[PDB]
Structure formats: C-alpha cells, structure tokens
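Notes for the one structure printed next.
In this analysis, Cβ positions are derived from the backbone assuming ideal geometry, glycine residues included, and neighbour counts consider all displayed protein chains. Please treat every number below as a calculation from the coordinates, not as lab data.
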Amino acid sequence: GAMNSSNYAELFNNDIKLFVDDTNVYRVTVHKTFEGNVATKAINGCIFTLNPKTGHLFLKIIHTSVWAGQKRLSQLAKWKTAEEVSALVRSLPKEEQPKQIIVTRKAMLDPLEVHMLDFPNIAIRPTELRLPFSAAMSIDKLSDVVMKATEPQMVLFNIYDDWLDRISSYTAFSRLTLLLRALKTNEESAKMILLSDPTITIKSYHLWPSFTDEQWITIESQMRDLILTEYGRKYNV
Amino acid sequence: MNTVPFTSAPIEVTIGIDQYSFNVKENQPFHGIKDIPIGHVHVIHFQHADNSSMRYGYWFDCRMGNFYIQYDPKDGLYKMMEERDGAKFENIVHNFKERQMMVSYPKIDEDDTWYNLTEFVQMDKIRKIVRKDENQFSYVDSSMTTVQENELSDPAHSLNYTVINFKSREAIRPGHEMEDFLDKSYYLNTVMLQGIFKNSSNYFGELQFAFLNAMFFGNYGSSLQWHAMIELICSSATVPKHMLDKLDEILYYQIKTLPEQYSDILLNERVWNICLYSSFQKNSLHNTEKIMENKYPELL
Ligand SMILES: COC(=O)CCn1ccc(=O)[nH]c1=O
Ligand SMILES: COC(=O)CCn1ccc(=O)[nH]c1=O
Ligand SMILES: COC(=O)CCn1ccc(=O)[nH]c1=O
C-alpha cells in the first residue's frame, strides 16, 4: 500500500528498492508568439530515480526530441517515464532487480503498473510523504548534464557521495531530503548556505561540498532555519 | 403459450416471473404460472417471506423441456425439475388449469420490455456461464461469486463470466502500453469480439444476462461484469456503428426497468459518469444519457 511516516524505516531495510519522481520529465518555458498568442518550448528533462538506501540516482535524461510531433505531452510524459523505468528494470539480472518501486506522484501508478505487467512480483506503491525530488535540478552538476545532453542518455550518480562511509542510510536520506527541501523553498538562500565558505570544495567528483561532520551539523541547522523562516515569510508568522 | 406447474406452495414466498412478481401465502392453493411467452428465456425467482436473505431463481426456456417447481423441505427451497413423462405433464397442467389454480403471465400486448432485456440472451450461453450440465435450466442466487471474484471459493457454484481486466497482459499489447490502456479498441475488437465472443450478439447476451442477475438477485459479481462490459465498449475509440446503436438501446431498457430504489447499489457512479461524459462514446448513447439524466440525475 501507500508509504507514509509510519513506515518511514522500510526505506532502509535490505529489499533492493528505488523511488521514481517524474516531476522534471516534461519541462517547458512559456512564451509569447509574434501574433500575441502563447506557446511552449520544451527543454531537456530527466526522471529522478533514487535508491534511498545507497543514494544511487539514475537521472535518465529526457531529450526534447522525444516530444517531437506528439500530442498531450503531459500525459505522454507519465507513460514515457514508466517505459524508461521498465526498461531500466529489465536490463538488470533478477537478483539485482528491485522488489518495490515507490512513485512520488499517484498519477504514475497506472502507467507504471501497466508497463510492469511482466513483473508481477514487483510492488508498485504510492506515498503520502511530500518528497523534494523536484528540486534535483537545483543541484548544479545534475542540471548541467541534463541541459547539455544532445541525445537520450542515462546519467547514474550516487547522490550520497561517500556519506555512507560515516553515517547510516536513514541519516543520509535525512541529509539529502533536507538539502533538497531547502533548495525548493528558496533556492538562492539554500545555495548561499552551501557555498558561503570558499575553502570547502564541492570536489569535482562529488555533488556536495566536502563538509566535515561538525560543518554538516551547522549546514543542516542553517537549512532547517531557512525552511522555518520561509514558512513564516510565506504565512507571516 | 407454455406453463410452469408448481407441485404446491408450502411456504410463504414472493414469486417473480421475469419482471413480474406476486405474493403467495403459506399453503395457498397456488399451482403455477401459465401463458408464458414462447421464444424468450425466462427466469422464475423466489424470496421467502421469512428470510429476505438469498433471492434465488432458475433461468429456463420452455422450448427445451417441460419444467415444474416442487418445494424441497430438506434443502428449504423451491426447486425446478424437468417432467420426462409428457403425458403426466399435460394431465397435471390441464388439471390445475381447469381448477384455475395458476396465475397468468401478465404481459401487456404493447409491452416489449422483456424482449428488449433478453434480445441476445440464449439458454445455451447461460448454461456455459452456469455449469450444471444435467439440467436444462440454470440456478442463480444472490451469493454466487464469479470466476473472476474467486481469483482475488467453490468452483462448481460459480458464475463463469468472461474475465475482463483492463490491467492485464490480455488487454495490453507489449509496446502499445499507453495506446492500449487509453484506447481499449484492440482488447474489445480483437481479443474479446473476434477471439472470445466471436460476434457482438454473444457479447451483448452476456452483458444482458449479467444485468438481469444483478437486478433480480442483487448478485454483486454480476453487477461488476455488466459494468466492465459497458466500460470496455465506451473506452474504445473504434467500435462498429451498429454496436453503439444497439448498446444505446440495450442500456436504455435496462435503466428504464431498474427499480428507482435500487439505483444506489446497482449503478456505479464512476463507470456511468466516465461512459456518458468522458469516454470516446460519450456522444454515442443518446437514449441512455437522456433517461439517465431524467431518472437518476443525482448519480451524475
Ligand atoms: C538498481 O540498482 C541500484 O539501485 C544501485 C545498485 N548499485 C549498488 C552499488 C553500486 O556500486 N552500484 C550500483 O549500481
Ligand atoms: C529534518 O529533515 C528530515 O526530517 C528529512 C525528511 N524529509 C525532509 C524533507 C522533505 O521534504 N521530506 C522528508 O521526508
Ligand atoms: C399434482 O401432482 C404433482 O404435482 C406431482 C408432482 N409433479 C408436479 C408437476 C409435474 O409436472 N410432475 C410431477 O410429478
């Protein structure tokens, strides 16, 4: 069934599993035409697929050519997502394949279920948590690879870096989800927090600043601090 | 005009014959139903006065044999049996007919309701849905489950309706997932009509039989099947024109006949709103949409 705060530990047990977020698959800019009408121009997208135990993120890049000549793109995007997830699962051996796929938006349930009919033993589940995987394109190296793609492409990066050398998956998912959640509420502030210190380097090979344990505690506090404020600034509290 | 003689009426019971019904008192001198129109299937059904639980009944066709109803006190129900002595049958019927111990199938001459509800229903197909091969008639009741229901528990007492499942490999061609799920024309025309039912008359016959079992017995699995067969047509972009026009007629008379007080349980809001207002065929069912809007506007 649905995944919520009560079964918030199942994510880190030993059933190989991935989450699927489709919020960045079909992306457009809206603009005026010469005649004064409105049109859309698609830009590259990605499906944010995340192993929340290991942090592996399969950023299947959706090149704008996939929309060419198609109608009802917002509907197609959900079926394109399900097709690509199904293809991903099929490329793996059975033992390497996951046991559950959790979709972040309920509208993905039917497309994925239909694409996964060949896999009756893989549970397709919704969730009630408000998960911040739409903010994945606020991560500079992820946005860069999506925007540079000239063809369909798979960009698989472990979003936990080497964080699992020092902390548990539960904590790693908590750090990642708070980092992502902050970026969604106020991207500029969140990014300032993360880079305000020039001596801490997002190493070339990692998506996150090489913080020490103590520095991560400060960063996390600053991010929870941002989310708090924006909540007030939004509601005036 | 044929006859179903009754050996007696030892327990108080409401007896239905097709869309008609009448109350028989305990040990009343009731000995059957006469003037039954030849050419159609019929259903004779029962609701005991003391136990409104379990409506039950028998589908039959008087062209296929001489049938009588005898209360069995051990099993506690009105059974239908076949008389194999044609001389006994004529003698027993004539006897009861001369003493005026039978009710007359009370059809109005203008009234084509029963024909319209059973146009495509044949006994031979009923007997494949209700498997009891030693009888020429078929027993159904409120509690019998369908083969599809049993997959999600007595197989001999099941309704063997054709399994329809929109999220199944039968319904969805590999590589056409989105196309086949959002437009079920393949599943309707190739899998069901060409492959399984062979023609639209057999499809409509099962649809009509499912509705009648839902209406007369409150059989939940039958109601599921009726709605699934409607939804499969309405969710197909490509349906033969004669099929759409015939479905409109079929549903019109089903909706006309439904008791106004049973519409809350026999009609599925989602299916009907989808079929009438959202589906490919939302503009193809003019007669059904008009009677639904004037009779059950609350549902919509
Ligand atoms: C479906 O696979 C996954 O969710 C991640 C599997 N995995 C584990 C360890 C590793 O080094 N690389 C990798 O790809
Ligand atoms: C204090 O941080 C946490 O408790 C992480 C959990 N979390 C965070 C952000 C979010 O959108 N969803 C979520 O489940
Ligand atoms: C009046 O006698 C009986 O009713 C005997 C029982 N019975 C009833 C009807 C019939 O066709 N054959 C038969 O044997």
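Does anything in segment B:212-246 have its amide N under 12 Å from the 7 Å Cα→Cβ label point of residue B:286, and if so which residues?
B:245
Can you compute the FRET efficiency between residue B:53 and residue A:34 using 1/(1 + (r/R0)^6), with r the Cβ-Cβ distance and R0 = 45 Å? Round to the nearest 0.05. Walk me through the intermediate numbers first.
Details: r = 73 Å, r/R0 = 1.62.
Once the sixth-power term is evaluated, E becomes 0.05.
At a Förster distance of 22 Å, what's the computed FRET efficiency of residue B:88 paired with residue B:1, Cβ-Cβ distance as r, to 0.05?
On the way: r = 20 Å, r/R0 = 0.89.
After rounding, the FRET efficiency stands at 0.65.
Going by Cβ distance under 4.7 Å, what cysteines of the protein assembly as shown have no possible disulfide partner?
Result for the protein assembly as shown is A:46, B:62, no neighbouring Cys Cβ within the cutoff.
Using only alpha carbon pairs under 8 Å that are at least six residues apart, calculate the relative contact order of segment B:1-143 and give it in whole percent.
On the way: 258 pairs, mean separation 38.2, N = 143.
The value is 27 percent.
What full-extension length gain, to one decimal in nm, is calculated for residue A:162 and residue A:195 as 0.36 nm per residue of separation minus the Cα-Cα distance?
10.0 nm is the gain from fully extending residue A:162 to residue A:195.
Quick check: the distance between the Cα centres of segment B:231-298 and segment A:26-71, to the nearest angstrom?
Rounded to whole Å, the Cα centres lie 39 Å apart.
Return the whole-Å distance between the Cα centroid of segment B:1-30 and the Cα centroid of segment B:115-141.
Segment B:1-30 and segment B:115-141 have Cα centres separated by 21 Å.
Report, by chain and number, residues whose modeled amide H sits under 5 Å from the one on residue A:22, excluding near sequence neighbours (fewer than 5 apart, same chain).
Amide H neighbours of residue A:22, under 5 Å, 5+ apart: A:104, A:105.
If we count other beta carbons within 10 Å of each Cβ, what is the order of A:108, A:147, A:116, B:81, fewest first?
Numbers: A:108 25, A:147 12, A:116 19, B:81 16.
Ranking A:108, A:147, A:116, B:81 by Cβ neighbours within 10 Å, fewest first, gives A:147, B:81, A:116, A:108.
Looking at the square roots a ≥ b ≥ c of the eigenvalues of the Cα gyration tensor of the protein assembly as shown, which shape do they give, rounded for a/c under 1.5, prolate if a/b is larger than b/c, or oblate?
Prolate.
Would you list, by chain and number, the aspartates and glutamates whose Cα falls below 16 Å from the Cα of residue B:241, excluding same-chain residues fewer than 8 positions away?
Output for residue B:241: B:249.
Excluding residues fewer than 8 places away in the same chain, name every one of the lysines whose C-alpha is closer than 29 Å to that of residue A:94.
The qualifying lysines are A:17, A:53, A:60, A:78, A:80, A:106, B:167.
Assuming a ≥ b ≥ c are the square roots of the Cα gyration tensor eigenvalues, decide whether segment B:175-232 counts as rounded (a/c under 1.5), prolate (otherwise, with a/b larger than b/c) or oblate. Write out the running numbers ahead of the final one.
Values: a/c = 3.83, a/b = 1.76, b/c = 2.18.
Oblate shape, in that a/c is at least 1.5 and b/c is the bigger or equal ratio.
When we measure straight from the Cα of residue A:191, which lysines land under 20 angstrom away, once same-chain ones fewer than 8 places off are left out?
Of all the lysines, those that pass the test against residue A:191 - Cα under 20 Å, at least 8 places apart if same chain - are A:141, A:203, A:234.
For segment A:123-237, calculate the relative contact order in percent as a whole number, restricting contacts to Cα pairs under 8 Å that are 6 or more residues apart. Provide the component values of the computation, followed by the final result.
Values: 72 pairs, mean separation 31.4, N = 115.
Relative contact order for segment A:123-237 comes out at 27 percent.
Using 1/(1 + (r/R0)^6) with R0 = 25 angstrom and r between the beta carbons of residue B:79 and residue B:149, what's the FRET efficiency to the nearest 0.05? Walk me through the intermediate numbers first.
Working: r = 25 Å, r/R0 = 1.02.
My answer for the efficiency is 0.45.
Got a sec to turn the phi values of segment B:255-265 into Karplus ³J(HN,Hα) couplings, 6.51 cos²θ - 1.76 cosθ + 1.60 with θ = phi - 60°, whole Hz, x for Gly and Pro?
So the J values, rounded to whole Hz, are 5, 4, 7, 4, x, 4, 8, 9, 5, 6, 10.
When a/c is below 1.5 the answer is rounded, else prolate if a/b is larger than b/c, else oblate, so apply that to chain B with a ≥ b ≥ c taken from the square roots of the Cα gyration tensor eigenvalues.
Details: a/c = 2.09, a/b = 1.84, b/c = 1.13.
Taking the square roots of the gyration eigenvalues as a ≥ b ≥ c, chain B is prolate.
Which net charge results when you count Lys and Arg as +1 and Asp and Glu as -1 among the other residues whose beta-carbon is under 12 Å from that of residue A:230?
Taking every other residue near residue A:230 into account, the sum is +2.
Once phi is turned into θ = phi - 60°, what whole-Hz ³J(HN,Hα) does the Karplus curve with 6.51, -1.76 and 1.60 give for every residue of segment A:204-212, x standing for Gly and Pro?
Values per residue, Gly and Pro as x: 2, 8, 10, 8, 10, x, 4, 8, 6 Hz.
Within segment A:1-36, which residues have the backbone N less than 17 Å from the label spot 7 Å out from residue A:121 along Cα→beta-carbon, could you tell me?
Counting backbone N atoms under 17 Å from the label point, the list is A:14-18.
Counting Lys +1, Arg +1, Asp -1, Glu -1, what net charge surrounds residue B:285 among other residues with beta carbon under 12 Å of its beta carbon? Present the calculation step by step, with values, prior to reporting the outcome.
On the way: positive: B:246, B:282, B:290; negative: B:245, B:248, B:249, B:289, B:293.
Residues close to residue B:285 contribute a combined charge of -2.
Calculate the length of the line joining the C-alpha centroid of segment B:51-65 to that of segment A:111-127, in whole Å.
First find each Cα centre; the distance between them is then 43 Å.
Could you pull out which residues in segment B:245-288 have an amide N less than 15 Å from a spot 7 Å beyond the Cα of residue B:298, following the Cα-Cβ vector?
B:259-269
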